[PDB]
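**Q**
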Amino acid sequence: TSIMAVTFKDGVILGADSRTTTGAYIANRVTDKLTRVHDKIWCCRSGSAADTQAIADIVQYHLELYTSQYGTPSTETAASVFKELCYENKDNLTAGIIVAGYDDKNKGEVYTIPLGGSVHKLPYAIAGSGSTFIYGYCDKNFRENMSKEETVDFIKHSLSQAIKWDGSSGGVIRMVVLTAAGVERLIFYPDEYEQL
Amino acid sequence: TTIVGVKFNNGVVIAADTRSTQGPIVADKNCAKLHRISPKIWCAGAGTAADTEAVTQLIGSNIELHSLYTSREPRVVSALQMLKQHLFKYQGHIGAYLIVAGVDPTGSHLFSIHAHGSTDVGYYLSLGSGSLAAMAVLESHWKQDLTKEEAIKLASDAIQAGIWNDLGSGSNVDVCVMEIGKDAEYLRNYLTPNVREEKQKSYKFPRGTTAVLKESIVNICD
Amino acid sequence: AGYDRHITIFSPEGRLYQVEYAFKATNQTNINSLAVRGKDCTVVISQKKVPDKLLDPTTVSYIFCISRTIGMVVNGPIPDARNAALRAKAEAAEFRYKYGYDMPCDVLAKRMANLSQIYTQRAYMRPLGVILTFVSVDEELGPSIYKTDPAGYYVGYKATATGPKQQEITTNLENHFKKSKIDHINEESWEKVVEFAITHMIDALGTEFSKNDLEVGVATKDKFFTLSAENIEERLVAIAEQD
Amino acid sequence: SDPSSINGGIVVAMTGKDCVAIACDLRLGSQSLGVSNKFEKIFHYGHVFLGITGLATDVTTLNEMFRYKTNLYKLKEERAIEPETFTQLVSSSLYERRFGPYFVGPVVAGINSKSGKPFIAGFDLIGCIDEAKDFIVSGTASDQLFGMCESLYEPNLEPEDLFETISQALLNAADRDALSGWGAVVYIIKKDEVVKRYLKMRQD
Amino acid sequence: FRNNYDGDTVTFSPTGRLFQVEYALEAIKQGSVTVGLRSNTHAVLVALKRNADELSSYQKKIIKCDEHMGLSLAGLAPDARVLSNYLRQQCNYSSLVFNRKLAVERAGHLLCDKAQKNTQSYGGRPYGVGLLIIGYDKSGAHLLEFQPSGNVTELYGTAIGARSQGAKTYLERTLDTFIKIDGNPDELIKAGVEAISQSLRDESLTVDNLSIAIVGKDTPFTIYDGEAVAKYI
Amino acid sequence: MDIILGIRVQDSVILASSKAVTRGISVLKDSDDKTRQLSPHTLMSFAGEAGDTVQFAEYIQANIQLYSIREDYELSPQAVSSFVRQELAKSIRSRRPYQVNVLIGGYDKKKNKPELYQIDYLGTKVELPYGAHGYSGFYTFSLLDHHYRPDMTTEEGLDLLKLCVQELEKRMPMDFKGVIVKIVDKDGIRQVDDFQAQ
Amino acid sequence: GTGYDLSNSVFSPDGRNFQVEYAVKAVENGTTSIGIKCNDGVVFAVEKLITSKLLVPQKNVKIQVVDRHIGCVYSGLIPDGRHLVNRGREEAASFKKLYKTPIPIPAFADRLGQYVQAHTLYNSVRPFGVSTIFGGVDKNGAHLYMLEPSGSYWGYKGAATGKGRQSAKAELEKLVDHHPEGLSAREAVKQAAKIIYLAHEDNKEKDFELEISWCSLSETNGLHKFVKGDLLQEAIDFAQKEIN
Amino acid sequence: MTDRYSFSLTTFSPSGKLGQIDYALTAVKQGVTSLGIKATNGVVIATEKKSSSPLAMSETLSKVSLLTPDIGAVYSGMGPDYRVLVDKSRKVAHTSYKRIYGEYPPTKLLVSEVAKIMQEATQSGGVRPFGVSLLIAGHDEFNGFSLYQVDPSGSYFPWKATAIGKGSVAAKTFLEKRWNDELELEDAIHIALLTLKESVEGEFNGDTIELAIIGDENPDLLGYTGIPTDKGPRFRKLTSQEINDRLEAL
Amino acid sequence: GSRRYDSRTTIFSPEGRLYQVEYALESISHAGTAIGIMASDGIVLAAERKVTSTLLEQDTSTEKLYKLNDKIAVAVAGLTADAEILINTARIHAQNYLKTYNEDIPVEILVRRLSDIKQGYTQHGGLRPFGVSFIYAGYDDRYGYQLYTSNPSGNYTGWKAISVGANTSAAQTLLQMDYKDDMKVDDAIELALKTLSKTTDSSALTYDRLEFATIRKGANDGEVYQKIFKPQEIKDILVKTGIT
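Chains as they are written, first to last, in the deposited numbering: chain N, 1 to 196; chain H, 1 to 222; chain G, 1 to 243; chain I, 1 to 204; chain E, 1 to 233; chain J, 1 to 198; chain F, 1 to 244; chain A, 1 to 250; chain B, 1 to 244.
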């Protein structure tokens with residue numbers, strides 16, 4: 001798996017590959033790893049599919065109940081609920097979640113939650129097995145306040161490299177754009193991104 | 001075991017082989033692997049046979065009670081959510097692997113479920129020991145906007161790949177077709193390409209062959 | 001000849017007085033509400049009354065957003081109303097988590113009616129002194145109005161009304177649906193369905209309304225929302241330029 | 001090591017024309033040591049017959065369980081349990097102990113009293129129902145029994161012929177297994193009557 | 001009225017009263033008098049102990065809670081034992097976990113809350129005892145009055161028990177004098193004994209009748225009985 | 001392990017049980033009675049894990065005595081054996097199982113028949129003309145297969161036990177220090193006090 | 001018949017819960033306390049009846065803080081108020097533990113509401129003998145609330161309860177009319193001192209002590225803080241000048 | 001909190017009466033009339049749908065409920081009590097029977113479970129009895145067609161035909177005139193409509209009357225094909241139109 | 001709290017009687033009479049259905065005579081629903097015994113157990129007692145044919161012939177008159193019917209208002225047989241004895 005989320009001028013973009021393997025066999029080549037927990041709060045999932053699916057569903061439940069009582073939750077609050085579940089059940093979970101969201105006040109935000117259940121607010125985040133190969137690339141190429149098109153290009157170039165080298169990554173590059181305008185689903189096929 | 005699911009333009013089909021094994025021995029040459037959750041939601045299971053049957057009837061029972069309580073046709077996402085949360089609770093110890101397919105008021109659906117509680121969604125899926133043989137056929141012939149007839153053909157061909165190439169699969173092909181408008185049609189033994197040939201000899205013994213020590217009538221009545 | 005009127009056990013006549021007295025509590029607030037179904041929407045109107053000048057008017061509400069799709073208006077005291085509201089929200093969220101789809105209006109109503117039936121049969125729980133009117137645009141049943149009471153009774157409505165002057169609203173609406181021959185307000189936009197509701201509340205109650213005298217909740221496909229005072233004012237201007 | 005191998009034993013059931021047979025060996029051992037040659041593994045509740053191979057204590061415990069449960073069934077239903085229904089009871093009872101199971105291989109045989117239809121079934125130790133029209137096999141010589149049944153069997157056999165077939169399936173299978181044998185008993189079951197026959201076999 | 005609303009602590013009267021709490025308050029009035037007072041350096045408890053016979057001992061009314069805190073009781077002694085035990089544990093918990101001597105103000109809040117739970121739940125009863133807590137913590141000398149209604153009050157001086165109003169009026173007059181008694185323990189005890197004697201009527205303060213306690217700047221909570229209090233009669 | 005033998009003859013059940021109690025490198029006792037009377041006509045012998053063996057036997061004894069008082073009636077040997085089997089079967093799936101093997105010799109006064117039951121620690125019950133637990137069976141069963149007859153007198157039974165004990169004393173590695181022998185018949189339970197040199 | 005006012009959860013024939021109404025009598029008997037919503041915060045004040053010279057001045061604090069941003073004051077049975085605030089604090093901690101953000105005042109108000117309402121549902125508990133005035137500052141502004149023994153609560157511009165509630169409300173209503181554009185925190189503090197003094201004519205027989213707290217975005221950084229020292233005297237002087 | 005009512009609210013009076021059961025039966029008497037009639041090849045259960053308002057949609061409230069594919073229930077008395085009894089009855093048919101034996105319970109045994117639930121609300125701590133009498137009609141393979149009444153006490157009785165609620169005394173008398181052991185299902189529907197028409201004051205049509213049968217298997221209602229043994233439910237609720245057909249030739 | 005509404009079902013009267021047991025016994029005296037009679041070669045159980053109808057399905061009905069075991073049955077007088085609760089537990093107890101000892105449960109042991117359950121509801125729990133009286137008819141190989149009775153107190157006793165329900169005083173006099181120790185089942189069948197016929201509150205004693213059972217040695221077998229009479233068989237035996 002190769003996943004990332006990048007803040008930019010207008011908000012935030014989540015990116016992911018679509019490959020899930022059991023050993024060397026690709027059990028799913030069109031997986032959707034970009035998961036909605038609220039209107040404009042989404043997450044990228046890595047680790048045990050069972051675990052991250054269960055986590056995300058519980059988080060989505062909490063934020064639905066939060067909204068009913070107290071109105072729209074902040075991205076921080078969503079990250080806090082992920083953290084609470086991951087940290088308190090660290091012995092029985094293998095989950096690496098990136099939480100990304102947009103609200104009008106704070107703009108775009110990215111919180112990464114590694115294996116232990118710690119939380120780290122970052123300008124951008126990368127995770128999944130494929131991410132190791134793009135630490136160098138991303139650190140030399142990321143800039144703050146990029147445009148939507150620049151950010152889409154940064155994610156597309158980054159994940160294409162992660163996919164190129166990581167066997168556990170592949171398929172299509174999915175993105176989810178989060179801004180004041182709303183939510184936009186993007187998808188990029190092998191014939192485009194391999195050529196980069 | 002080989003099981004597949006294939007979406008088509010107005011519904012979904014699932015299929016399975018009919019071989020049941022205990023290690024390398026064949027117990028049942030015509031096991032029925034297509035289970036019913038509700039009338040229009042069907043299930044094909046692999047892994048620990050007792051677990052697939054148990055978990056399919058439990059959720060089937062709760063889905064019936066839910067349908068009666070809500071006065072609504074059961075949905076495939078409900079079967080999916082209940083199955084996965086049950087399986088996740090038991091951390092893979094319930095060794096059920098399922099392809100669940102069906103139709104309901106929200107449309108037609110096709111999902112896979114694994115023992116630890118993860119789920120996938122797709123237009124074509126396969127599971128079991130014949131998973132890879134079947135998936136090779138699906139990847140070679142699947143296209144979008146399939147007809148009912150093309151889907152049954154494709155799914156049936158995929159099960160055959162398992163039957164012929166996978167030792168864990170064999171015998172017949174069971175199919176069930178679920179179309180948006182109509183009733184689901186369960187096609188038990190849709191194909192029978194493994195009829196055992198007539199034996200060379202009859203082993204009916206002459207009477208008296210077996211030595212008997214003692215004989216008595218058993219009382220059933222009271 | 002005494003304690004059968006204090007807890008929920010049968011009187012010699014087979015009655016439950018604590019249930020009957022809980023119905024009485026529903027009218028304590030002296031507020032009337034009504035609900036009507038549109039072509040593809042559902043509208044609830046409730047009177048808003050702010051006696052004390054020291055109150056923040058924006059906090060005085062008997063309409064609740066239970067879920068993204070369901071709304072609930074309560075006739076009865078606010079503490080019990082919010083008790084029912086909080087429970088319904090929790091129930092709505094749990095349903096979606098366990099069963100994978102949004103709790104339907106009628107199913108939530110049945111559930112809350114079942115809970116109410118329990119207080120009617122178990123001694124240690126009192127009935128809530130409230131009548132809950134749930135509304136939505138159900139993905140299967142369309143525009144929906146379902147109402148529950150302290151007896152644990154519930155049913156669907158073409159339209160309904162609740163409060164001290166319930167009967168005046170009810171007969172007014174009955175007479176309209178006899179003339180129009182249909183079981184809903186034949187109008188494409190929800191704004192005109194809100195205007196219908198307010199207009200028929202004015203006729204039935206024989207009283208005019210300002211923008212602060214009303215609360216309005218609207219349900220449409222995939223959302224329930226409440227109107228602001230200014231949204232209502234726009235609506236009250238429309239009815240005046242025609243009356 | 002294996003709780004299903006400590007005591008030894010086999011059971012086999014076959015369907016015929018308007019009849020069913022079920023047979024078992026009589027051995028009860030502890031590893032190499034043969035202990036009892038009178039250990040019958042077939043029981044019956046009304047007209048439904050249940051064979052049980054595997055760990056002997058569980059064989060006994062399950063017999064007592066199903067007697068207990070079928071007795072209550074008869075009192076409430078005011079009728080004897082039928083084979084199809086009993087098969088579901090056995091299944092659900094076994095699966096109830098999914099993570100601490102009875103180490104057994106049960107086998108149901110009988111004729112439905114209403115339809116007259118011959119019925120057999122087998123189970124794994126956690127209640128997965130093997131339903132077969134021809135035959136069911138269980139125990140330490142199950143490989144051998146599958147071989148013998150697959151070879152010897154044909155459909156629509158008369159009671160007198162089914163007896164010869166099932167007996168010879170059990171005998172020749174038992175003699176290729178150290179932990180099976182030491183006597184055998186065969187139930188021939190028809191709608192009206194049931195005949196029990198003890199077989200003469202090798203005692204080694 | 002009253003008759004119908006005094007059966008249990010869970011019932012308000014039509015005027016909003018809690019009669020079971022009020023009856024528990026009455027047990028304190030029947031209890032023997034005890035006085036508390038303080039300056040800026042010390043805090044003193046003085047108690048009039050009661051006996052059953054001339055053959056019996058005098059019921060001790062002062063209980064040490066920690067090295068820097070303690071209290072005197074009037075009413076049901078078994079209830080004082082329970083409440084003093086709780087206070088001993090809370091003082092102890094503060095030391096073990098936080099290495100911190102419990103503030104007398106926080107000790108008051110804890111007693112209030114423990115008494116309150118008995119006044120709102122069914123089946124229980126209020127505590128039938130009143131307590132005067134003295135102590136010296138990080139903000140100096142303190143005296144508290146605890147009533148089983150849950151109300152706790154920080155005072156310069158006070159009294160509880162039968163005829164306690166006499167001592168209370170004395171202290172209310174003497175206020176400006178005894179509050180200035182800094183760095184002199186004996187003189188504060190004198191003022192406490194002159195106060196407790198204001199509530200006398202039946203008898204005089206004898207050697208096994210009087211009980212005194214003191215806590216302060218360089219003084220751990222210490223109880224004086226018998227010949228140790230002979231110099232104050 | 002400890003020697004536990006049983007034999008049902010015409011009119012009685014005879015139980016023979018070794019006298020040794022050994023822990024590690026030392027024989028602690030050479031006169032141990034590995035038996036409890038459960039009722040006037042029912043005797044149980046036992047062998048297995050150190051503490052479990054007596055604790056189980058006494059617990060069973062207490063229960064059968066309780067039954068006898070409540071009902072003013074002695075349970076049949078068959079009923080007692082079934083109760084014992086059920087208790088053992090419970091313990092095998094419990095936290096810490098009773099590791100005890102037993103023989104139950106009884107005289108059924110209703111049937112006027114002696115009865116011997118062999119039950120192992122798993123709850124494996126079986127009714128036999130003769131029985132052994134542990135390794136002792138590996139010698140005695142074949143010996144008894146040869147010489148046993150069902151119509152034997154009590155005295156012929158005792159001679160047959162002597163033959164079993166002599167074979168064990170010859171071929172078993174352990175010194176089990178002889179046996180205590182008890183006879184169960186219509187008149188109750190008695191001990192053969194002079195088996196050491198009979 | 002009769003006897004409907006003996007148990008808590010019981011409806012009278014006219015739909016009332018007499019035990020809650022009797023709890024109100026306990027509140028009406030209590031000391032007067034108020035709340036004043038200003039244009040970026042809230043102010044709380046309370047009357048402390050000085051029974052005797054023996055009460056240490058400035059100790060016996062009645063206003064309580066919840067989390068770091070909420071103030072609570074109440075009239076009636078003081079222990080019941082503390083119990084309620086203890087619950088509030090447990091409840092605010094829980095919210096912060098899960099959601100990270102400090103509990104919003106509306107969210108907090110309902111937490112107290114649901115808890116107080118729960119004590120009108122069963123006969124094995126008695127209702128709370130307090131009306132609680134509380135509030136503070138959150139993500140979107142200042143909030144003032146009053147919570148009755150029934151569990152009923154609303155948002156307020158100004159709130160009053162206790163013995164002198166009619167006097168206070170009358171003064172509160174004059175401020176709402178004469179300062180429509182909004183009052184400041186500085187002003188509200190002085191104005192609160194005035195109202196407690198004017199309300200004290202109901203308890204004029206005995207002496208009293210004034211206590212004030214405030215939570216304001218510009219004056220306290222959105223934290224609850226007590227008013228002490230020169231600012232407290234300035235408010236007392238203002239009230240004494242206004243009384244004459 | 002805590003249900004501290006751990007004692008019975010139904011007790012014996014000096015005369016031996018169990019007051020709350022009597023009072024529950026009195027509540028049933030005030031309830032709308034319902035009836036059941038057993039034929040040779042089916043059973044019919046019927047009742048009046050008395051709407052509480054013309055603005056209400058009486059289609060959304062069913063007084064006649066499916067419990068299993070071959071078992072249906074109707075009542076007289078308090079509706080909310082009935083609704084929760086149906087929920088519990090449906091569930092207990094699974095947990096206590098179908099999940100054990102893999103088939104639906106026979107009528108007598110499902111009735112027995114419902115009766116047990118009602119008996120317990122007569123003896124358990126802190127509850128009142130159920131204020132309803134149920135009529136349960138059903139079929140199973142070995143018992144054929146059956147009709148049962150269940151009362152607030154938990155008592156139940158098998159009937160050839162009966163009525164309960166408001167005008168049950170008159171209705172029973174009328175059924176005794178018309179019932180025999182050779183009735184066909186359609187004859188029973190007819191007797192049921194005639195009987196029910198004496199109880200209804202106002203409009204008597206397919207919208208105001210509710211009626212269901214236990215009869216032949218309905219393969220068109222099963223929802224799938226392929227399994228010969230599964231032939232569909234025996235319970236069927238008649239439509240508004242189907243009732244009107246039989247009223248025009250009444 | 002709750003204390004107010006508690007009837008206190010398990011207390012003594014000043015006379016040392018248990019109120020609820022007495023009032024339950026009063027309830028049972030209105031129930032249809034049930035009679036048990038033991039012969040040398042079997043036991044008869046006869047019972048009267050009180051309140052019937054033409055439409056009551058007798059073929060399917062079973063309100064008084066219940067099977068506990070293949071060797072034990074009971075006749076019921078009182079609340080049927082209450083009886084069925086007790087019936088079911090007795091059936092489980094018999095099966096537990098059988099599973100434990102591999103022998104059918106002796107009759108007294110079953111009766112003692114069931115009567116101990118009744119006694120419990122009498123001494124603790126605060127619940128009403130079961131309004132039931134049982135006649136037990138059974139056979140075992142220790143005491144042969146046995147007849148027992150239990151009532152709501154939990155007291156049980158053994159009998160040669162006995163009645164429960166209504167008119168037991170009259171019925172017991174009639175039985176004591178015409179009973180003798182060397183009777184035969186067929187003579188007992190007649191005695192039981194005659195006795196019911198004289199004590200009935202109805203006009204006549206017809207087949208549709210009766211339940212009837214025998215526990216006989218089966219005539220030709222060697223072991224016990226439980227016969228529960230079908231409506232036609234009761235109609236026949238009613239003619240033989242001379243009551244058409």
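All C-beta atoms in this analysis are idealised placements derived from N, C-alpha and C, irrespective of residue type, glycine included.
Quick one, which residues of the stretch 63-83 of chain H are near chain A if we go by CB-CB under 7 angstroms, in chain order?
**A** The stretch 63-83 of chain H vs chain A, Cβ under 7 angstroms: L65, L68 and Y69.
**Q** Whole angstroms are fine: how far does the CA of H/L87 sit from the CA of F/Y99?
**A** Counted from its first residue, the seventh sequence places residue 99 of chain F at position 99. Counted from its first residue, the second sequence places residue 87 of chain H at position 87. Cα to Cα, the separation comes out at about 29 angstroms.
**Q** What residues in its chain sit with their C-beta under 8 angstroms from that of N/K90, if we drop five residues either side in the sequence?
**A** The count along the first sequence starts at 1 and reaches residue 90 of chain N at position 90. Hits under 8 angstroms: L115, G116 and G117.
**Q** Closer than 7 angstroms, CB to CB, is H/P39 near chain G or not?
**A** Within the second sequence, the letter at position 39 stands for residue 39 of chain H. False, the Cβ-Cβ gap to chain G never drops below 7 angstroms.
**Q** Going straight from the alpha carbon of F/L198 to that of F/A168, what length do you get?
**A** Within the seventh sequence, residue 198 of chain F is the residue found at index 198, counting from 1. Within the seventh sequence, residue 168 of chain F is the residue found at index 168, counting from 1. Taking the straight line joining both Cα atoms gives about 7 angstroms.
**Q** Just curious, the beta strand (DSSP E) that F/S150 is in, first and last residue?
**A** In the seventh sequence, counting from the first residue as 1, residue 150 of chain F sits at position 150. Neither: F/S150 is in no beta strand (DSSP E) and is coded neither H nor E.
**Q** Cβ of H/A184 less than 7 angstroms from any chain A Cβ?
**A** In the second sequence, counting from the first residue as 1, residue 184 of chain H sits at position 184. Yes, H/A184 lies at the interface with chain A (some Cβ there is under 7 angstroms from its Cβ).
**Q** Give me the chain I residues within the contact set of J/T140, using Cβ-Cβ distance strictly less than 8 angstroms, ordered along the chain.
**A** The count along the sixth sequence starts at 1 and reaches residue 140 of chain J at position 140. Here the premise fails: no neighbours, minimum Cβ distance about 11 angstroms.
**Q** Going by beta-carbon coordinates alone, are F/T32 and F/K163 separated by less than 7 angstroms?
**A** Looking up residue 32 of chain F in the seventh sequence gives position 32. Looking up residue 163 of chain F in the seventh sequence gives position 163. In this structure, F/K163 lies closer than 7 angstroms to F/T32 by Cβ.
**Q** In the DSSP assignment, what are the bridge partners of E/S121?
**A** Your numbering for residue 121 of chain E matches position 121 in the fifth sequence. Answer is F/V125.
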